[PDB]
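Asks: The structure under discussion is supplied below as structure tokens; questions concerning it will follow.
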Amino acid sequence: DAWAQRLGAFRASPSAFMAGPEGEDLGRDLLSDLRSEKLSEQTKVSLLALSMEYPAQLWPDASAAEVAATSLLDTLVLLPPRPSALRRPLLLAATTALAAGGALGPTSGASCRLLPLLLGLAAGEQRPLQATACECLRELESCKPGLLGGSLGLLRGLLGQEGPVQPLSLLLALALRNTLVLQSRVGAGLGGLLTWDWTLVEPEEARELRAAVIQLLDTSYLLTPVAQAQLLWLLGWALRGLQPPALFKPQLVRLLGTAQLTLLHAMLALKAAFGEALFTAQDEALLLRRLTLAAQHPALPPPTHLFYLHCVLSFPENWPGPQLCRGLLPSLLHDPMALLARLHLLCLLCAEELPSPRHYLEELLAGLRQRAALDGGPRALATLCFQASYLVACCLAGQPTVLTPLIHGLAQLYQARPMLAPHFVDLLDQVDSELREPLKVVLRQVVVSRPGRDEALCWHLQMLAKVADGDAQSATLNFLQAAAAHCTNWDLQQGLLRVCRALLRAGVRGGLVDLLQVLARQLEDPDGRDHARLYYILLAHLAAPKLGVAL
Amino acid sequence: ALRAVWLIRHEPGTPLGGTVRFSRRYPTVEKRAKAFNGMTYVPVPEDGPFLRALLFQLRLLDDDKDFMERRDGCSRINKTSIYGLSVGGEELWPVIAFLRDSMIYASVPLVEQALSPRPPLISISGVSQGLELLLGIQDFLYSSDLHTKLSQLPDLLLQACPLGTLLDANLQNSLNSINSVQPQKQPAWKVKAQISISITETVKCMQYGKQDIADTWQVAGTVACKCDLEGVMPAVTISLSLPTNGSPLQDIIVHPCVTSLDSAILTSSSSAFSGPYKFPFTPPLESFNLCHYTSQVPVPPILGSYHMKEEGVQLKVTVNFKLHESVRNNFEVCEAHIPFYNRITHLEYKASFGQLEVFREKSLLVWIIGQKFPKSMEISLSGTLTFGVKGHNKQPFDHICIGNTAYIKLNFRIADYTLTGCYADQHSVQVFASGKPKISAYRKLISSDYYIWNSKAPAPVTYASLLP
């Protein structure tokens, strides 16, 4: 329990404890007992794991980072010459401290001592050490561009020699990209780079690069899917503008016969970056079919389904039929969050208007409404209905044929389930005017249709406030007058004056001098009555613009 | 390149919501995020605030709130599992998550461009990378050992994701490489030819049974194999012998380790030959799946019906089944469970075969048909189920079952008889190597979703079912 209680307070909160009194010397102790012998294997392992995990919290300044770098390097060299388990973690922790401290640079002794060490070690627990060192070198090269562009000839020559496929492959690819970009930015090329410089921080090449790409592809057969995806993504970045892609065409075509979440995205971004150079006019069709298939294939988890359902909608075109729209069209066998990924397809199909797609949309939205009206269910159902309504409204503002049933269904749904007041308010606050107005009219008609004796008044008044205007005066005034007697709690007594304030803003003048008057004279809480008095005075004594400027 | 990784077990009722079992942050990538993003940078919070925000956004922490416009809004639509967290007045983006068997998985990747316009998700590689790592962890932890699996995880993934960049997504391989210590291009996920192909064709069928409405059945199948043979490059591609009565393969997708899929597999979506099944693979230390197939057969295996005349409190479920002759008459568990959503006090039943044991809750009488149907191939239940005080919330509330609409949930299973016709063959082994394939093939049948849909009531319908 020498260091366990020490690291507990830090891994509870790094920035909080490092801002405390004891954390001032925590890094000092940790660097001190690095070469000690009183610390067991487990304590050293745990301390070095923390040194891995948060290099930004104990050595902020560049000078402190350099000092810690030299200290770690010293205790790594000065280790006992016996097989132990501090070899790789020490190098990786020093790399983390140097890279995240900002003290790395060619003009510093710590970096000039660390970099040759990692280069030699990775050049070749020997295999795990080599892998760890290669990863450290690649990460350092990522931190400062070109930092590790020194031994490219070594890896080129020793590709068949010792060294794990994945680390050297990734490091070589990253170095190629960074070095070639920098040198072509200068104006020159590789200049013999195929055979530890620090100056990069500030024809034959085609054949050499073709050899590089074939070697990378050949060695990539061992690459795991995730690393394979990043390799191909950055390669498709690099060689888009800078030999035909028919070298990598067989591999890409073969990999598109898969459905793994990473190779599919590698193929998708490869086509979205390379554009229409390699894509055929019909290969886009097969890719679209497979993405749509994978958007609903039972053998895959929900996340993969929804990922490809988002990919298909924003699919990247090469040179900007109905059956594909029938392999993904929504149903009511779909879990709540997998329909809205499919609603755009149905809105697209029905916009240009087998049962009539409007009829199927009516049945689907009617099922969603019937789910929503079920009292005693979760809120996911109502959220589904309203998000679907928003998507169709934005997508189909311009066809009253499909929209009149939607408006009628929403009105009936409000009549059935008054507890959904906030959802309608948000929808009204988002949708455009072409749908804001008729829905406003019909929902006002629904709310003022009842005499006003319901127990859902606290849910009616919210819509009444969110919709009241100067179109239908007398009906609204009658409904509000009836509802005045059914307000006993402060919540409804504020929704009601929210309605009156909405009328205020609209500009209605006559009769309101009595509606607001009666509300102010016949409510329960004093605060609502004073609210009404103020708003009635504002409407009665203001000119039209000054109310918008002084109320 | 991620920024951090998580694994939070779902703990209902606890105010914190769970106890993190894994929280590794890579600060090299955070400095990279500063350098790349610039003015749009938003830092990664600590464990506590992250857990609070993620459980809030996943709708898993106290969903009883009336309306939170930051979550339930009509303008914030989440059509993908890549959510955007809002921590410390900053919109963290992108944050990944999914749930299965009470185990959350999460990650925040790196985007190498500014966030002032939210870049399209068809471009960020990190979303795919985070999702795949999370799926690999999910497969590892609940593969089949209660805490010896979750204890070694921090010492497990470090060997796979040391400094923010993944190496291999199979955590079983991290266990193989850490606990146990390649001069050729041996695959980076590998540390007497015996193969255990466990094919499994689940018959889900909303049989319905109307005139214009089609009877909706579809069988979901898969093949789990392994070329777990010694040698340098042994070759064992197995053949599955669907008969002449059986259709060719249907709905083929493959494994990440799998090489490719045929142009017909790309075409035949929802060569068309029964052979020779030549499936290229790459011998894994994992279990390679050369394909997952959902075969079609025109003959439904079981047919059913259901009427519930709501004569007050008399849910007379005059059921009537029809066991197609192609189905072997020996069912391991043909429990024709009959849940009673939205509704047994008085089991005044008339069971033709097998007990109809009302369960102790007296809410859903799971009528165990048992093991085999009678010689009449028809059960029935004219039960005067005189239910007492109307349960409005106690009963299982299933929205896909309202009113006189419902269906019998037959949880029926069968050993080695499915609806497709899989039969692996070994005498036709053709390869560029030599060996003895011990192809321990198999099959099964499960009730994925076998709702014998009541034709005396409306049923939800898919798209093509109404299509003539």
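Ligands are numbered from 1 in the order shown, residues from 1 within each chain, and chains are lettered A, B, ... in the order they appear in the structure tokens.
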If we count only C-alpha atoms and set the cut-off at 7 Å, which residues sit around stretch 163-165 of chain A, ignoring sequence neighbours fewer than 6 positions away in its own chain? Please answer as number ranges by chain.

Replies: A: 131, 219, 222; B: 185

Asks: For residue B:27, list every protein, DNA or RNA residue within 10 Å, evaluated using only C-alpha atoms, and leave out those in the same chain fewer than 4 positions away; present the list as a compact mmCIF listing (two decimals) with N, CA and C atoms, in the first residue's frame.

Replies:
# COMPACT_ATOMS: atom_id res chain seq x y z
N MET A 52 2.45 6.91 -18.26
CA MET A 52 1.83 6.79 -19.58
C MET A 52 0.62 7.70 -19.71
N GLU A 53 -0.32 7.58 -18.77
CA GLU A 53 -1.69 8.00 -19.05
C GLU A 53 -1.88 9.51 -19.03
N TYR A 54 -1.16 10.24 -18.18
CA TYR A 54 -1.36 11.69 -18.03
C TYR A 54 -0.04 12.46 -18.05
N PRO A 55 0.66 12.50 -19.19
CA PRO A 55 1.88 13.31 -19.25
C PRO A 55 1.63 14.81 -19.19
N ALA A 56 0.39 15.26 -19.31
CA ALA A 56 0.12 16.69 -19.34
C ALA A 56 -0.11 17.30 -17.96
N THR A 96 5.66 9.55 -24.12
CA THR A 96 4.45 10.30 -23.81
C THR A 96 4.78 11.63 -23.16
N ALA A 97 5.70 11.63 -22.20
CA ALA A 97 6.07 12.87 -21.52
C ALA A 97 6.67 13.87 -22.49
N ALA A 99 6.36 13.99 -25.80
CA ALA A 99 5.46 14.39 -26.87
C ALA A 99 4.36 15.32 -26.37
N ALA A 100 3.77 15.02 -25.21
CA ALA A 100 2.67 15.83 -24.69
C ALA A 100 3.14 16.99 -23.83
N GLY A 101 4.43 17.08 -23.53
CA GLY A 101 4.93 18.21 -22.77
C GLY A 101 5.31 19.38 -23.66
N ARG B 3 -9.57 9.27 -28.82
CA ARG B 3 -9.10 10.12 -27.74
C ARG B 3 -9.26 9.46 -26.38
N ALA B 4 -10.31 8.68 -26.17
CA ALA B 4 -10.43 7.87 -24.97
C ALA B 4 -11.49 6.80 -25.18
N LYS B 31 -3.42 16.58 -27.57
CA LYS B 31 -2.59 17.65 -28.10
C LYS B 31 -2.75 17.76 -29.61
N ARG B 32 -2.83 16.62 -30.30
CA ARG B 32 -3.12 16.64 -31.72
C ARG B 32 -4.45 17.32 -31.99
N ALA B 33 -5.44 17.09 -31.12
CA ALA B 33 -6.74 17.72 -31.28
C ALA B 33 -6.63 19.22 -31.16
N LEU B 163 -1.35 3.85 -27.49
CA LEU B 163 -1.21 5.31 -27.49
C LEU B 163 -2.20 5.96 -28.46
N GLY B 164 -3.47 5.56 -28.39
CA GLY B 164 -4.53 6.22 -29.12
C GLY B 164 -4.82 5.67 -30.50

Asks: Please identify all polymer residues within 6 Å of stretch 463-478 of chain A, counting only C-alpha atoms, omitting same-chain residues fewer than 2 positions from it, and present them as a count of residues only.

Replies: 11

Asks: Between A:532, A:492, A:231, A:242, which is the closest to chain B once you count only C-alpha atoms?

Replies: A:231

Asks: Which neighbours of stretch 350-365 of chain B fall inside 12 Å, counting only C-alpha atoms, when residues of the same chain fewer than 3 positions from it are skipped, and could you give them as a ChimeraX atom specification?

Replies: /B:315-321,334-347,368-397,408-409

Asks: Do you know which residues are at most 10 Å from residue B:11 counting only C-alpha atoms, after dropping those on the same chain fewer than 4 positions away, and could you put them as a PyMOL selection string?

Replies: chain B and resi 15-19+60-61+102-103

Asks: Based on the selection just made, write N, CA and C atoms of those residues as a CSV table (one decimal), in the first residue's frame.

Replies:
chain,number,residue,atom,x,y,z
B,15,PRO,N,-27.9,6.3,-8.4
B,15,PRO,CA,-27.8,7.7,-8.9
B,15,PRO,C,-26.7,7.9,-9.9
B,16,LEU,N,-25.5,7.3,-9.7
B,16,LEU,CA,-24.5,7.5,-10.6
B,16,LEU,C,-24.7,6.7,-11.9
B,17,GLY,N,-25.5,5.6,-11.9
B,17,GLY,CA,-25.9,4.9,-13.0
B,17,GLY,C,-25.0,3.7,-13.3
B,18,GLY,N,-23.8,3.7,-12.8
B,18,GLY,CA,-22.9,2.6,-13.0
B,18,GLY,C,-21.5,2.8,-12.4
B,19,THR,N,-20.6,1.9,-12.5
B,19,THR,CA,-19.3,1.9,-12.1
B,19,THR,C,-18.3,1.6,-13.3
B,60,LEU,N,-31.0,6.7,-20.7
B,60,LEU,CA,-30.9,5.6,-19.8
B,60,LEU,C,-30.9,6.1,-18.4
B,61,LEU,N,-30.9,7.4,-18.1
B,61,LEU,CA,-30.8,7.9,-16.8
B,61,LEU,C,-32.1,8.8,-16.5
B,102,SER,N,-27.0,-4.9,-20.7
B,102,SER,CA,-26.5,-4.0,-19.6
B,102,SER,C,-25.0,-3.9,-19.6
B,103,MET,N,-24.5,-3.4,-20.7
B,103,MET,CA,-23.0,-3.1,-20.8
B,103,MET,C,-22.9,-2.0,-21.8

Asks: Can you list, as a PyMOL selection string, all residues belonging to stretch 112-196 of chain A that DSSP tags as helix (DSSP H, G or I)?

Replies: chain A and resi 112-123+126-143+152-158+165-186

Asks: Taking 4 positions as the minimum chain separation for residues in the same chain, which residues sit within 10 Å of residue A:155 when counting only C-alpha atoms? Answer as a PyMOL selection string.

Replies: chain A and resi 123+151+159-163+168-169+171-172+194-195

Asks: In Å, rounded to a single decimal, give me how far atom CA of residue A:446 is from atom CA of residue A:518.

Replies: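 Separating atom CA of residue A:518 from atom CA of residue A:446 is a distance of 23.6 Å.
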